[PDB]
Each structure stands twice: as structure tokens, then as C-alpha cells.
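What follows is a single chain, given as C-alpha cells, in the form deposited in one PDB entry.
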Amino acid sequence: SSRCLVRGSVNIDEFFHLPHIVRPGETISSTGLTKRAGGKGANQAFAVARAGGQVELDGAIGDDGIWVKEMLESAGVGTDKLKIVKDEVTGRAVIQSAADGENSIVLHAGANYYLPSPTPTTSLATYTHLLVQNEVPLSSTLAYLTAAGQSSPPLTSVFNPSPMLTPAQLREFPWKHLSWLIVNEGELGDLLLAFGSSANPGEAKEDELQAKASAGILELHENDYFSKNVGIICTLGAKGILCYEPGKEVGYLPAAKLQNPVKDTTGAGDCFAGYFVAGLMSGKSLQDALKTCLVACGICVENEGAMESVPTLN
């Protein structure tokens, strides 16, 4: 019976609405501020739960984040391992929401980088799936992924390298333990660049992107810094997604058609990741799990919050 452990972050997201991203030396007034529950770990756990999967979140908040813990619990996310740290604050994402631009995010780790003393036993015994990102200490992500890959049988592990790791960290990462890598085209280019390639699908034109990202996936598969055992999902925004299982054809799925104006894509990638993991856990075929993801995160981009806009299974 499938059960997912999310080892990852919880953030209080602060959306500062701005005419443009602030430039060096500039002082600019936000037109509004919106606070929402967020964080790579909480967003993705919330999406697993909304998609119908059994999921637990392992991480830490401060006293000021208990309302996020309560939201997670009301969605069905298990929180026994979501520690409340005295004299610490919940991690924060300071998000500049530009009127006419990509958003920009500044993270403050806070409790997301707390590790309790002494270091306790963490068992993966009840879990079939692991979801990890990069908003907690990398050594902790590495430890959980290694434990997942060395279990008998190995867990299905899914990694989203956000925020991006340093090139040396990417080159030393234990890819052999990882079942699935989830990236967007810019993160795909970051890996290829760290691995000595000159390919960078993050720079392709929107018309060339499917082609360049597909070749980049196949190149990454063969790269000696990577591992041939890793499946790859590369999101291409509104231009769809690419899916690759080791040794197979790169598959392409177009994004679902929108039914309401695109509002905010924060956590739309997180929505996709949690729905993808829930699709892996459901016994669905990969093609069915991906089609459901596309409908879900399309709904998600129509609404405002990273956690609040994650749809239920429909």
C-alpha cells in the first residue's frame, strides 16, 4: 500500500505586489501584500493529499507557522514529524510579484534548516515513495535519498532541485539512488551545464524548446555525472511536459487548455510534482498519471495560493 514521505520545507509566503522586480539601488513601494502557506515540501505534500495519496511531511516550523501545520492536517497530510521549534521562526519566501514579469523569490530558511539533537532514528519502513527538494539542509536530503535507495526494496524517490544546487553538489549527488528527477527547462540546463555539456535548453526559443529539451534529456541520461537509472520529467511551462523512462522514448504531452485566466504559477510546479507522485502511488499507468497532473496544475495556475489553489481529485 502506497505511502509518501515528503522530507522538505514549510514556508510562509509573502507576496509583495510590484510594478516590476526591484533593481539594484532602487527603492520601490509594493501595492499590496498577501501572505499564504507555502514551501516546496508543504506545497508538494498538500498536492499529494489533494490528489488522493497518503502522505506525511517531515520537517520543522516555528510557533508562527502552526496555522500552516493545521492547514496541512485538514487536508489529510500527516504531521507527526513536522516539528515545532521553540525560539525559531517558520521559513519564509519573500516573493516579488511583478505586474509584467517573472516573480523573484528570496528564501529565509528559518526552521527549515533546524535539525533536532540528538539525531534520531528515521525509519522509512512505512513508505513506498520519497519526495525531496532543496529547501532544507542538503545533507539531510542526501541522507533520506540514500536511505530510500538502499531500502529493501528501494523506495521510489522523486527529486526537484529547487532552489538549484551548486555545480559541484550536482556532480557529487547520488543520482543512482533517485527514481525520478522533476525539472523545468532552465533546471535541466543547469544540470547539463554543471555536467560539462554546452547544451542549455533554458536558452532555446519557445518553438525549439521541445526539440532541445528532448535532446537535453537524452544527453543527461548518458552523462557520466548522472545515472542511467533516473527517469526525467521536464516541464516546459505552457508548452507542455516531456517524460523519459530510462532507455525509452521521450514522450511529449501538451498542457491542458485553460478555462480561467492565468493568475499565479507559484507552486504550479509543486502542484504538478505532488500529483505526479500521487499518480505513481495510485497504480495508474504513467501516461494516465501525467494526463491527470496536467489537468490539475492547469486548475492550479488559475488561482492565487501555492497551497490554496491545489485542486481535489476530479
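Here, rigid core means the biggest group of C-alpha atoms that superpose within 1.5 Å across both forms. Only residues modelled in both forms are compared. All residue numbers refer to positions in the sequence shown, first residue = 1.
Comparing 228-236 with 205-213, the stretch with the higher mean C-alpha B-factor in the PDB entry is 205-213. As recorded in the PDB entry, 84-92 is the stretch of 132-140 and 84-92 with the greater mean C-alpha temperature factor. Looking only at 172, 187, 73, 219, the residue with the top Cα B factor in the deposited structure is 73.
The entry lists C-alpha B-factors for 260, 30, 43, 27, and the highest of these is at 260. When the CA B factors of the chain's modelled residues are split into thirds, the value for residue 58 lands in the lowest one.
Sort the modelled residues of the chain by CA B factor and residue 78 lands in the highest third. For residue 6, the recorded CA B-factor ranks within the lowest third of the chain. Only modelled residues enter the ranking. When the modelled residues of the chain are ordered by their C-alpha B factor, residue 106 lands in the lowest third. Residue 151 sits in the middle third of its chain by CA B factor, as recorded in the PDB entry.
In what follows, reference is made to the form solved in complex with a small molecule, a form of this protein that is not presented.
Contact between residue 306 and the small molecule in the deposited complex is not found at the 4.5 Å heavy atom cutoff. Shown alone here, residue 269 lies within 4.5 Å of the small molecule in the deposited complex, counting heavy atoms only. Residue contact with the small molecule in the deposited complex: residue 134 places no heavy atom within 4.5 Å of it. Using a 4.5 angstroms threshold between heavy atoms, residue 258 counts as touching the small molecule in the deposited complex.
A heavy atom within 4.5 Å of the small molecule in the deposited complex is found for one listed residue only; from 232, 241, 178, 191, this is 241. Heavy atoms within 4.5 Å of the small molecule in the deposited complex are found in exactly one of 281-289, 261-269, 61-69, 22-30, that being 261-269.
When contacts are defined as a non-hydrogen atom within 4.5 Å, all of 237, 294 and 297 contact the small molecule in the deposited complex. Of the residues listed here (163, 101, 186, 167), only one shifts its CA by 2 angstroms or more between the shown form and the other one after fitting on the rigid core, and it is 101. Once the rigid core is aligned, the segments that move between the shown form and the other one, defined as three or more consecutive common residues whose C-alpha shifts all reach 2 Å, run 14-34, 93-107.
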